[PDB]
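Notes for the one structure printed next.
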Amino acid sequence: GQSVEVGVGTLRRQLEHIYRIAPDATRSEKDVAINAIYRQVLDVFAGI
Amino acid sequence: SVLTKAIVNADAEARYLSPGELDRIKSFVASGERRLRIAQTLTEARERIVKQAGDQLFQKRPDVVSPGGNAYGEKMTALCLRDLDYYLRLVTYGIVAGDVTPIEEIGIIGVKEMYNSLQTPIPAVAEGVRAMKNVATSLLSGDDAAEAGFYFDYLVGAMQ
Amino acid sequence: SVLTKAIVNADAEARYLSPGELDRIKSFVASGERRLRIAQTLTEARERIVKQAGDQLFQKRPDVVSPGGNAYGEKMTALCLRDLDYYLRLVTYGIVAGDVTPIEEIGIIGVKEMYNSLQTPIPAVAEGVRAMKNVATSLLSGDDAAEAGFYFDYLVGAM
Amino acid sequence: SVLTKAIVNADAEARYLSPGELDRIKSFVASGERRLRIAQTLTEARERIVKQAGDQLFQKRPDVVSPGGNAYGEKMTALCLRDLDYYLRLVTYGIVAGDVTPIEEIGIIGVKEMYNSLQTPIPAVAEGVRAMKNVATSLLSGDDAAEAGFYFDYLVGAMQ
Amino acid sequence: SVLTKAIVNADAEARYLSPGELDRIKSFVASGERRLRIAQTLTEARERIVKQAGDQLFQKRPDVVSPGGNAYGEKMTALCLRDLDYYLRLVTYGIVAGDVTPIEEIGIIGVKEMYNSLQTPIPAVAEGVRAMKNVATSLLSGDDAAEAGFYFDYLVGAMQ
Amino acid sequence: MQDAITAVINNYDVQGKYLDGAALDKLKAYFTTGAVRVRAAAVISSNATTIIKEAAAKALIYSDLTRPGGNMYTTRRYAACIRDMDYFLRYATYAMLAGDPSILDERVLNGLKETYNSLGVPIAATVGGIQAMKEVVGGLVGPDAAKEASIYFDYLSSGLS
Amino acid sequence: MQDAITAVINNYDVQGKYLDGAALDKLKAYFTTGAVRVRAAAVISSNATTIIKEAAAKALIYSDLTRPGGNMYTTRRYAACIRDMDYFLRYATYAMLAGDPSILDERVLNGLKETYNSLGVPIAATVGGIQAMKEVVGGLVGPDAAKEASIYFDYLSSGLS
Amino acid sequence: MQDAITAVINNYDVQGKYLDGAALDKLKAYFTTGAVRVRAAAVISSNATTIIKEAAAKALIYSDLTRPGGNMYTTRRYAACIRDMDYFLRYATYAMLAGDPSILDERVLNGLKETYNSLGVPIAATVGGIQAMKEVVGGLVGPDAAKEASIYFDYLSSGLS
Amino acid sequence: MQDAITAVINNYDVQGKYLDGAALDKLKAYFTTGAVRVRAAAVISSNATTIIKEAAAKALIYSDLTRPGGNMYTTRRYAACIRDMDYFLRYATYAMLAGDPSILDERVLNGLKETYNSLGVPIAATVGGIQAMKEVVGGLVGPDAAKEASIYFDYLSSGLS
Amino acid sequence: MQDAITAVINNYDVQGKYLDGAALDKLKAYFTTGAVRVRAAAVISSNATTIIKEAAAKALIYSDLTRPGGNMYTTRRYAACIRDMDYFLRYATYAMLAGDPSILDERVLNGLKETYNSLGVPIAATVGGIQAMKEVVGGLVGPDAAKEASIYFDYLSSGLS
Amino acid sequence: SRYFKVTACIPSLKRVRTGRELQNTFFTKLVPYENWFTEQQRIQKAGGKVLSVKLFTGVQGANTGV
Ligand SMILES: *[C@H](C)[C@H]1/C(=C/c2[nH]c(/C=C3N=C(/C=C4\NC(=O)C(CC)=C4C)C(C)=C\3CCC(=O)O)c(CCC(=O)O)c2C)NC(=O)[C@@H]1C
Ligand SMILES: *[C@H](C)[C@H]1/C(=C/c2[nH]c(/C=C3N=C(/C=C4\NC(=O)C(CC)=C4C)C(C)=C\3CCC(=O)O)c(CCC(=O)O)c2C)NC(=O)[C@@H]1C
Ligand SMILES: *[C@H](C)[C@H]1/C(=C/c2[nH]c(/C=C3N=C(/C=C4\NC(=O)C(CC)=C4C)C(C)=C\3CCC(=O)O)c(CCC(=O)O)c2C)NC(=O)[C@@H]1C
Ligand SMILES: *[C@H](C)[C@H]1/C(=C/c2[nH]c(/C=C3N=C(/C=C4\NC(=O)C(CC)=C4C)C(C)=C\3CCC(=O)O)c(CCC(=O)O)c2C)NC(=O)[C@@H]1C
Ligand SMILES: *[C@H](C)[C@H]1/C(=C/c2[nH]c(/C=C3N=C(/C=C4\NC(=O)C(CC)=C4C)C(C)=C\3CCC(=O)O)c(CCC(=O)O)c2C)NC(=O)[C@@H]1C
Ligand SMILES: *[C@H](C)[C@H]1/C(=C/c2[nH]c(/C=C3N=C(/C=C4\NC(=O)C(CC)=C4C)C(C)=C\3CCC(=O)O)c(CCC(=O)O)c2C)NC(=O)[C@@H]1C
Ligand SMILES: *[C@H](C)[C@H]1/C(=C/c2[nH]c(/C=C3N=C(/C=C4\NC(=O)C(CC)=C4C)C(C)=C\3CCC(=O)O)c(CCC(=O)O)c2C)NC(=O)[C@@H]1C
Ligand SMILES: *[C@H](C)[C@H]1/C(=C/c2[nH]c(/C=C3N=C(/C=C4\NC(=O)C(CC)=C4C)C(C)=C\3CCC(=O)O)c(CCC(=O)O)c2C)NC(=O)[C@@H]1C
Ligand SMILES: *[C@H](C)[C@H]1/C(=C/c2[nH]c(/C=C3N=C(/C=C4\NC(=O)C(CC)=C4C)C(C)=C\3CCC(=O)O)c(CCC(=O)O)c2C)NC(=O)[C@@H]1C
């Protein structure tokens, strides 16, 4: 019979994280978002 | 599970697991044996938990088992109890996993939509889960009950 | 800190803290008192840890403290030791926090760039941290040492 | 309104109004006088429509006006009738506008969320609107009733 | 067509057709039979409309049919008349459709670019369409003429 | 997409022919049917939630699919299936107003088989659900409207299968 | 934005009042004017390019503005100014159909003053252009429409000044 | 954001001082409070929907706000207000776990006043709602937890006002 | 992705069975292995740069690949290859903690062969590098951990080849 | 941005005047200076890293700033400060080639004071660093180039202060 | 290139959103001159009000270097 991970599956959801830069956010928080911007646009899948 | 959650966070950051994350994994593996026993207890008492919770729910909500209500009739009442059983099974899975993720995929996503098509009242379902929690708590030892409570609370929070 | 990390993940998801996340918080608060002791131990032994690590480093790398080398001269050698002290302070902060984030913001971001301008060799800074770890491990009890080791290892990894 | 909708589409396209769009405006202005009369009729009969619809709803759904039910008690029953009145006012606004947009902004967006917090059953509310439609239809002439029906149907669809 | 436009807007919104949109469809189907007759009239008078409009255009713009001008020479003049015929056919299609969309895809998108490569003056083309409108208006009854005018105006607007 | 009126226009445009009486007759035929179609569409929109509920009750629920190990088991999958059902209903309503099956081909039918096969969704069960919706819809719309409604439902079913 | 019909509705909705005869009369007034407005709008759309040309000829061109050191000097600036003129015309047409000045406030008037001040665009010249367009428009639309058209043009002018 | 543990660390880092016993004592204080806070947070999460309902009943509903012409009139506005209430509750819970008010400043408090003023949302009524939530929360959490919970609610209220 | 604990759960969920002792035993087995895995992961993370260096030295460098006309010739290509090596290492570490190979299939393995073939990257050499990393990793982790680590490395190798 | 050649052109364009001998003379002056500037720019680019190092040594490092509680304390802040130093150098080089100070105003100078004040970066220390860079640059470029280089450095300094 | 500093407030009238929208709602931003026209329109179409516009960079009424 079918399993939870059959159709769309679990993985694709939960590998998407909305990122919002916050002014007061600490640098490391901020950088992680910045890195992801580069990651998606320039396809840097190393991710840094 | 705890481990899945940790890996996923690391992959998003594109980094190896942090020491703190590793420590949480260590704690989880130690806790696991206790967790297994808690799950085992509920499984054995499953049949009675469902039965008792059902009765409590029906007392709390006369309407659901009334001619207007969704639960009314033997077929429907059985289905309502089957649903309670499903949620209990999910809770046991959660306790062993140490995270709500297993519970969440099977039971909490699209739950609103499913019940709205069925026309089942969501609050009544939540009450049933609360009822199951109380029964389960009594059988469990206090510390064990607290652990179980968290998973039960999550379910109630998810569906309200 | 552990707690900050958990809250941040929840806020991104726009949800209340998950049971699993809550459990990790519980574990952390129990661990904290032990963590405080580990940090206290290293603070007291700070001066000796730095001194011993420095000597090991200088034995390992004669060149750095040589007329050609950057570290050479009293002023320069002091600065190298000051740097080691800084890293030790950061490690203690990490242990109490239960997370590398405090360490990371102060010490590991832009570190490469700073040292490259200074011309200080990074592959020897790492050795110094390793040296400090060994000294620190000896003073700590085994289980305590393992906890401390993780933070020390992170630093070494970061450079 | 019809006009607002047409303008908005044009502005998105950054173009002057299309001939077809202009034609629909022409049709609407001709229809308007008839529409005004339809709205006037319902306004005059408003008090009775609400009363009759309420009674029908309570007959169809005994539960809502029962100790468990949300509607039960004088205060609560008044509020339920007030809600029905609100929806009727919205429908009249819709008929004159010739579009559901006026109705939609005031009543249909966030309606689910509002009622869920209140714990009012959404299907019962829909039934009340259906009931109001039937009362309104009887007072209206057949062609007038069809026009009014569309707006009533939209409301029922929205609250589903 | 009207219907296509309405469906497309609904699909974008991911909703069923609004009552207002439905009403416009109803109006359109009633209008259609009248529209068919208007289109038929223009088709029968097509040959004369084109001829008369051509003459008017050449009087209004001597330059186009001058040695410098694009229209000059028999071959070129024929092509200019063929273009006028094309636009008339498009207008008839528009009237039956009740929308400019059919017209727009065949004639108005990329028109500027095509004519610029040809070096045909766009304003002169617009004048020709205006001329055709005047001829067409005379043959049509007043109300019919107004309907036809809208489509003619759109073309003139598009080529500007 | 295309509708009946536009379909006639397009056929004439490729020929380059001006609209003729025979063409006009086809258009006229559509215009008479139009009023019925509009009424049917309004009925369907109002009763859409119920139509889906009834159809699911007839075929999908109380079945192996809903039972563990079935495609529609788990809340997520259940919700997906009813979402798909809604899509089919909305598009069929659009097609009925249009008087043309093309929109179904352009939006719903294209790539659906392949998607379903990758997902492991069972096509025959889906087809069954569509047929069930048709039956429910037929009742509400009434007989004259039902014939028109049925063809689009059948078109969807044939495409999937 | 709002239109006349919606404006009446909104005023009543805040009061919570059902629509009354006085309100109905305002709506009725609009409905009569409607047909005229539609005709006027079609006229404006067809003649839009010419309207802009004529208005520019009347005020903007053959002036210091077009001469070097003037705001509309250089092709880029000239093109910008005529683009703005088109905007004003399109929005005024929208307002005339709507029967309400609000759309002008929501889209055109809001933030324009600040933009123009930063750019150093001259407001009085812009107003002059708008007034010129009004005069040209008045001719084309005719008597029934001109009065209605004029108020929206004047509204734009008053806002800018 | 910042938490109590990190706040102590940061204060020491700017001084450059190694962690000292006095600092350790503050950290130790937090660790004891921690267990209580976790229990309180779980209570709030489970009862969140009810907390909002009760608070709304106490202040927001049966009021001019809900009546036509009031800020919370119309379903859309009503839904917005309860969404805001939920935000405040969730963030206060986060702050209580953290033991620091900073997160409230960084996310909730920053720009809220300006947003509300543009929207025309009434600040005093919002503050009233927050205070009502506090009272309800106090009951559920129990006395020891209530004191801790109250400070964050008060912090939000002071920021808004 | 999936982990060992979730894999057991999923198998039971499709059956619909409550967790049983046999299932519990599998979970218990994982829990004992867990502590070892965590230690291994920390070792790998700290020595990651060196592991890659050693593995490259063993297979990739001093070879035709690095020589002109070889795939890893030019700085850009060299850097790419070591980046890929790092990916494999990180994912293998994740898999080892998880106790399941699925994550490798979902992220690393999927489409890699096709990508490499289009690029003209040599698969066998890459596999060689993975095997080399395994050997280096085995030493650092120690014997008990090595067996567990090896299976994931072998899984990657088999997928690529 | 603008350059000397374009600046002359722009001044003439606003006047509408064709280029005249006086204007030509200014252009001619620039052309002679150009060759020197190009040589200077190449020198600066090659020695940029060292220039920054020397300047930092002269002013920034071994100071309270670098000590805990100072603005350049922590690696992150240290790295930021040297990044800013590089910016100033690169832009000054651009300005020197251009022969115009405008680029400095458009990119570096605009909003910097306000940014620094919010950050709490010390302006006087930054100015000191810029002056130090100027001195180092002066040596490398040689005397003729130094005069040209100095004006842009001074321009930056004046802007910040 | 000329740059615009813009402060604007935008309301979500169509739909209620659970995720925090405060960044979207009030946004002081630097806009390229070319982009601003389109951006201004988008804010207007949303029904958002543009509180302040200033030209951060560039000189007004400059023929060249623009
Ligand atoms: C219900 C009658 C049956 C059923 C359906 C079902 N579908 C999915 C998942 C998807 N279905 C689609 C289909 C469409 N996408 C489109 O654009 C269209 C045309 C408008 C259709 C019909 C898609 C693409 C998906 C996947 C993406 C998504 O879910 O958003 C599932 C669940 C799969 C999952 O893992 O979520 C199901 C259950 N299955 C049954 O059992 C019924 C017989
Ligand atoms: C009991 C507390 C309430 C109640 C129950 C009830 N359920 C149904 C029907 C269904 N219930 C489910 C639920 C699930 N499927 C899943 O995958 C999961 C998670 C693992 C759940 C919880 C489903 C799918 C159905 C559809 C029927 C089927 O199983 O095939 C009913 C009857 C449905 C009806 O009348 O149409 C009832 C009564 N209803 C209440 O009112 C109680 C408060
Ligand atoms: C010792 C392991 C190595 C070494 C040391 C060395 N360091 C410097 C100079 C600096 N070190 C720092 C670093 C930091 N500042 C911070 O805020 C932090 C984080 C808390 C750190 C780690 C700084 C700012 C400087 C610059 C001078 C100053 O401290 O004000 C030097 C002198 C630099 C020079 O080249 O003159 C030296 C010698 N050198 C080695 O070779 C060892 C491997
Ligand atoms: C001559 C080759 C062709 C021709 C010219 C023509 N121009 C106008 C009017 C204007 N021309 C300009 C052009 C410019 N202004 C600028 O700032 C620049 C960039 C430096 C240019 C090129 C302008 C602004 C005008 C407006 C009037 C004014 O001088 O201020 C006309 C008259 C316009 C009319 O429609 O009457 C003419 C005739 N036309 C031809 O046929 C020639 C081939
Ligand atoms: C023509 C009558 C006058 C004129 C026009 C002119 N405008 C600009 C630049 C802009 N104009 C606008 C206007 C709008 N923004 C909106 O949102 C709307 C509503 C749809 C309008 C009307 C804007 C935003 C700009 C700047 C961005 C852009 O270029 O599109 C210029 C250029 C200014 C310059 O040289 O920098 C000009 C010339 N100026 C006059 O002198 C006439 C009186
Ligand atoms: C009657 C058909 C059903 C019913 C209704 C009911 N409503 C309330 C309370 C409120 N309902 C509203 C509704 C609106 N406010 C608006 O702005 C609009 C759109 C124009 C609507 C529809 C509101 C705001 C309230 C809150 C009270 C107030 O407004 O002051 C109740 C009271 C229940 C309670 O717990 O307070 C009831 C009973 N209940 C049913 O069961 C019927 C099916
Ligand atoms: C409820 C007690 C009061 C109330 C609320 C209300 N808010 C809005 C609209 C918005 N509210 C916010 C606020 C937030 N968004 C965030 O991200 C955060 C921080 C986490 C907060 C606090 C925002 C941004 C909006 C605008 C868009 C949106 O929907 O989010 C409204 C609607 C206003 C309108 O007319 O659209 C309302 C009603 N108003 C009251 O009357 C209560 C006192
Ligand atoms: C000499 C100035 C310094 C030095 C050099 C050095 N290099 C290696 C090893 C390698 N160097 C390269 C370089 C390149 N490959 C390319 O494609 C290019 C661009 C065309 C370059 C620059 C490579 C690939 C290797 C690896 C071996 C191979 O060729 O396959 C070493 C040996 C180090 C080792 O352990 O491999 C050395 C010593 N090192 C110094 O100390 C000098 C300052
Ligand atoms: C090193 C052992 C071997 C090697 C590596 C190598 N790879 C590339 C280029 C690419 N490699 C990938 C791989 C991935 N992309 C993904 O998304 C994933 C999984 C999610 C992987 C693992 C891709 C897509 C590229 C292309 C673009 C990029 O590098 O980002 C190169 C360079 C090829 C080129 O022409 O750019 C190299 C050298 N090749 C060898 O010869 C070694 C044996």
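Lettering and numbering for the structure tokens are positional, with chains as A, B, ... in the shown order, residues counted from 1 in each chain, and ligands counted from 1 in the shown order.
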
query = So which residues touch segment 16-25 of chain I within 8 Å, counting only C-alpha atoms, skipping near sequence neighbours fewer than 4 positions away, as a list in words?
reply =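 Answer for this query is residues 36, 40, 43, 89, 92 and 93 of chain B; 68 and 69 of chain F; 8, 9, 12 and 29 of chain I.
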
Let me see the file: selected residues, N, CA, C and O atoms, as a short mmCIF file (atom, residue, chain, number, x, y, z; two decimals), in the first residue's frame.
data_model
loop_
_atom_site.label_atom_id
_atom_site.label_comp_id
_atom_site.auth_asym_id
_atom_site.auth_seq_id
_atom_site.Cartn_x
_atom_site.Cartn_y
_atom_site.Cartn_z
N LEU B 36 9.79 4.49 24.65
CA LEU B 36 9.24 3.27 24.10
C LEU B 36 8.23 2.66 25.07
O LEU B 36 7.16 2.19 24.66
N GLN B 40 4.26 1.92 24.70
CA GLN B 40 3.78 0.56 24.86
C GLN B 40 2.56 0.56 25.79
O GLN B 40 1.55 -0.09 25.50
N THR B 43 -0.54 1.74 24.03
CA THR B 43 -1.00 0.78 23.04
C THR B 43 -1.85 -0.30 23.72
O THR B 43 -2.89 -0.70 23.19
N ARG B 89 -3.21 6.37 17.78
CA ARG B 89 -2.11 5.69 17.13
C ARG B 89 -1.05 6.70 16.73
O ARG B 89 0.14 6.47 16.90
N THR B 92 1.05 7.81 19.70
CA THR B 92 2.06 6.84 20.10
C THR B 92 3.27 6.99 19.18
O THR B 92 4.40 6.98 19.65
N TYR B 93 3.02 7.10 17.87
CA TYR B 93 4.09 7.26 16.90
C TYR B 93 4.93 8.48 17.26
O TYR B 93 6.15 8.44 17.20
N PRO F 68 -6.27 2.81 5.65
CA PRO F 68 -4.80 2.92 5.61
C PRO F 68 -4.19 2.06 4.52
O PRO F 68 -4.61 0.93 4.31
N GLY F 69 -3.21 2.65 3.82
CA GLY F 69 -2.61 2.01 2.66
C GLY F 69 -3.33 2.36 1.36
O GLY F 69 -2.90 1.93 0.29
N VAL I 8 10.27 2.86 10.37
CA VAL I 8 9.53 1.86 11.11
C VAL I 8 8.08 2.33 11.24
O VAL I 8 7.14 1.58 10.95
N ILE I 9 7.91 3.59 11.66
CA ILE I 9 6.58 4.15 11.83
C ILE I 9 5.80 4.05 10.52
O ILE I 9 4.64 3.68 10.54
N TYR I 12 4.46 0.62 9.70
CA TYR I 12 3.34 0.30 10.56
C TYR I 12 2.10 1.07 10.13
O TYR I 12 1.00 0.52 10.12
N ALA I 29 17.29 -0.94 18.76
CA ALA I 29 18.56 -1.17 18.10
C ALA I 29 19.15 0.15 17.63
O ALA I 29 20.32 0.43 17.88
#

task = Run DSSP on the backbone of this structure and report the residues of chain H it assigns to alpha helix (DSSP H), as a PyMOL selection string.
result = chain H and resi 4-15+21-46+48-55+75-98+102-103+112-119+123-141+143-160

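The space separating atom CA of residue 1 of chain C from atom 17 (O, counted along the ligand's line) of ligand 3 comes to 20.8 Å.
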
request  = Produce as a list in words the set of residues near ligand 6, where near means within 6 Å with only C-alpha atoms and all ligand atoms considered.
outcome  =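 Taking only C-alpha atoms and all ligand atoms into account, the residues around ligand 6 at most 6 Å away are residues 64, 70, 71, 76, 79, 80, 81, 83, 84, 86, 106, 107, 118, 120, 121, 124, 125 and 128 of chain D; 61, 62, 63, 66, 73, 74 and 75 of chain H.
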
Using N, CA and C atoms, can you export the residues from the last selection as a short mmCIF file (atom, residue, chain, number, x, y, z; two decimals), in the first residue's frame?
data_model
loop_
_atom_site.label_atom_id
_atom_site.label_comp_id
_atom_site.auth_asym_id
_atom_site.auth_seq_id
_atom_site.Cartn_x
_atom_site.Cartn_y
_atom_site.Cartn_z
N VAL D 64 -29.34 24.71 16.71
CA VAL D 64 -28.70 26.01 16.87
C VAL D 64 -29.36 26.74 18.04
N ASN D 70 -25.24 27.70 19.62
CA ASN D 70 -24.73 29.05 19.75
C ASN D 70 -25.88 30.05 19.83
N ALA D 71 -26.92 29.78 19.05
CA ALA D 71 -28.03 30.71 18.90
C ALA D 71 -28.90 30.76 20.16
N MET D 76 -28.50 35.74 22.29
CA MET D 76 -27.87 35.05 21.18
C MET D 76 -28.81 35.02 19.96
N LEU D 79 -28.74 38.29 18.19
CA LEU D 79 -27.51 38.45 17.43
C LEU D 79 -27.59 37.68 16.12
N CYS D 80 -28.16 36.47 16.16
CA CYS D 80 -28.31 35.68 14.95
C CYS D 80 -29.21 36.40 13.95
N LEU D 81 -30.27 37.02 14.45
CA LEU D 81 -31.19 37.75 13.58
C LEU D 81 -30.50 39.01 13.06
N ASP D 83 -27.40 39.32 12.41
CA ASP D 83 -26.52 38.88 11.34
C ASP D 83 -27.31 38.71 10.05
N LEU D 84 -28.50 38.12 10.14
CA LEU D 84 -29.33 37.92 8.96
C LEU D 84 -29.69 39.27 8.37
N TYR D 86 -27.94 42.03 8.56
CA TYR D 86 -26.73 42.54 7.93
C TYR D 86 -26.60 41.99 6.51
N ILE D 106 -17.56 43.71 2.47
CA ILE D 106 -18.12 43.90 3.80
C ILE D 106 -18.34 42.56 4.50
N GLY D 107 -18.73 41.51 3.75
CA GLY D 107 -19.29 40.32 4.38
C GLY D 107 -18.55 39.01 4.09
N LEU D 118 -16.09 32.86 16.73
CA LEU D 118 -17.36 32.92 17.43
C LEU D 118 -17.85 31.51 17.76
N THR D 120 -19.83 29.97 15.80
CA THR D 120 -21.07 29.84 15.04
C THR D 120 -20.86 28.84 13.91
N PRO D 121 -21.79 27.89 13.66
CA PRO D 121 -21.67 27.00 12.51
C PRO D 121 -21.96 27.71 11.18
N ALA D 124 -25.19 26.58 9.01
CA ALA D 124 -26.44 27.11 9.52
C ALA D 124 -26.65 28.53 9.02
N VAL D 125 -25.57 29.33 9.01
CA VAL D 125 -25.64 30.70 8.53
C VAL D 125 -26.09 30.67 7.07
N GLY D 128 -29.76 30.07 6.74
CA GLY D 128 -30.48 31.30 7.04
C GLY D 128 -30.57 32.20 5.81
N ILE H 61 -15.74 42.83 21.30
CA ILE H 61 -17.04 42.61 20.69
C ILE H 61 -18.12 43.31 21.53
N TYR H 62 -19.36 43.30 21.02
CA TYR H 62 -20.51 43.95 21.66
C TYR H 62 -20.20 45.42 21.91
N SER H 63 -19.47 46.05 20.98
CA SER H 63 -18.96 47.38 21.19
C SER H 63 -19.19 48.20 19.93
N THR H 66 -17.31 46.89 16.71
CA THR H 66 -17.95 45.88 15.89
C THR H 66 -19.15 46.45 15.16
N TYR H 73 -15.60 46.68 12.28
CA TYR H 73 -16.75 46.36 11.46
C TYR H 73 -16.31 45.78 10.11
N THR H 74 -17.14 44.88 9.54
CA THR H 74 -16.90 44.09 8.33
C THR H 74 -16.10 42.85 8.71
N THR H 75 -16.31 41.75 7.98
CA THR H 75 -15.65 40.50 8.33
C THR H 75 -14.14 40.65 8.18
#

request  = Specify as a PyMOL selection string all residues of chain K found within 9 Å of chain H, counting only C-alpha atoms.
outcome  = chain K and resi 9+11+13-18+20+22-23+25-26+49

Just write the chosen residues, N, CA and C atoms, as a PDB file, in the first residue's frame.
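Done, and the output landed in out-v2.pdb:
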ATOM      1  N   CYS K   9       3.086  53.057   2.734  1.00  0.00           N
ATOM      2  CA  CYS K   9       2.317  52.092   3.509  1.00  0.00           C
ATOM      3  C   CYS K   9       1.260  51.409   2.641  1.00  0.00           C
ATOM      4  N   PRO K  11      -1.877  48.418   2.511  1.00  0.00           N
ATOM      5  CA  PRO K  11      -2.794  47.501   3.183  1.00  0.00           C
ATOM      6  C   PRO K  11      -3.232  46.295   2.348  1.00  0.00           C
ATOM      7  N   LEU K  13      -6.039  44.361   1.505  1.00  0.00           N
ATOM      8  CA  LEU K  13      -7.497  44.439   1.526  1.00  0.00           C
ATOM      9  C   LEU K  13      -8.122  43.145   0.988  1.00  0.00           C
ATOM     10  N   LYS K  14      -7.449  42.478   0.051  1.00  0.00           N
ATOM     11  CA  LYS K  14      -7.995  41.301  -0.615  1.00  0.00           C
ATOM     12  C   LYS K  14      -8.048  40.085   0.320  1.00  0.00           C
ATOM     13  N   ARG K  15      -7.008  39.863   1.138  1.00  0.00           N
ATOM     14  CA  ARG K  15      -6.860  38.617   1.880  1.00  0.00           C
ATOM     15  C   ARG K  15      -6.180  38.868   3.231  1.00  0.00           C
ATOM     16  N   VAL K  16      -6.517  38.028   4.217  1.00  0.00           N
ATOM     17  CA  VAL K  16      -5.885  38.079   5.532  1.00  0.00           C
ATOM     18  C   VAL K  16      -4.712  37.103   5.537  1.00  0.00           C
ATOM     19  N   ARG K  17      -3.533  37.543   6.000  1.00  0.00           N
ATOM     20  CA  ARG K  17      -2.337  36.710   5.923  1.00  0.00           C
ATOM     21  C   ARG K  17      -1.821  36.450   7.337  1.00  0.00           C
ATOM     22  N   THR K  18      -1.494  35.184   7.623  1.00  0.00           N
ATOM     23  CA  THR K  18      -1.030  34.775   8.941  1.00  0.00           C
ATOM     24  C   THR K  18       0.420  35.207   9.161  1.00  0.00           C
ATOM     25  N   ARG K  20       3.897  37.306   9.171  1.00  0.00           N
ATOM     26  CA  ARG K  20       4.082  38.720   9.456  1.00  0.00           C
ATOM     27  C   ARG K  20       4.313  39.467   8.145  1.00  0.00           C
ATOM     28  N   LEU K  22       4.671  42.980   8.207  1.00  0.00           N
ATOM     29  CA  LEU K  22       4.977  44.331   8.650  1.00  0.00           C
ATOM     30  C   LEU K  22       6.044  44.961   7.755  1.00  0.00           C
ATOM     31  N   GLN K  23       7.024  44.152   7.318  1.00  0.00           N
ATOM     32  CA  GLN K  23       8.031  44.598   6.367  1.00  0.00           C
ATOM     33  C   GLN K  23       7.380  45.037   5.057  1.00  0.00           C
ATOM     34  N   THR K  25       4.221  45.958   4.702  1.00  0.00           N
ATOM     35  CA  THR K  25       3.244  47.007   4.933  1.00  0.00           C
ATOM     36  C   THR K  25       3.925  48.372   4.931  1.00  0.00           C
ATOM     37  N   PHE K  26       4.981  48.536   5.740  1.00  0.00           N
ATOM     38  CA  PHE K  26       5.705  49.803   5.789  1.00  0.00           C
ATOM     39  C   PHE K  26       7.146  49.594   5.317  1.00  0.00           C
ATOM     40  N   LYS K  49      -0.616  54.088   0.211  1.00  0.00           N
ATOM     41  CA  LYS K  49      -0.361  55.511   0.111  1.00  0.00           C
ATOM     42  C   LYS K  49       1.141  55.754   0.273  1.00  0.00           C
TER      43      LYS K  49
END

query = Could you name the residues that touch residue 123 of chain F at 12 Å or less, counting only C-alpha atoms, but leaving out those on the same chain fewer than 5 positions away, as a count of residues only?
reply = 18
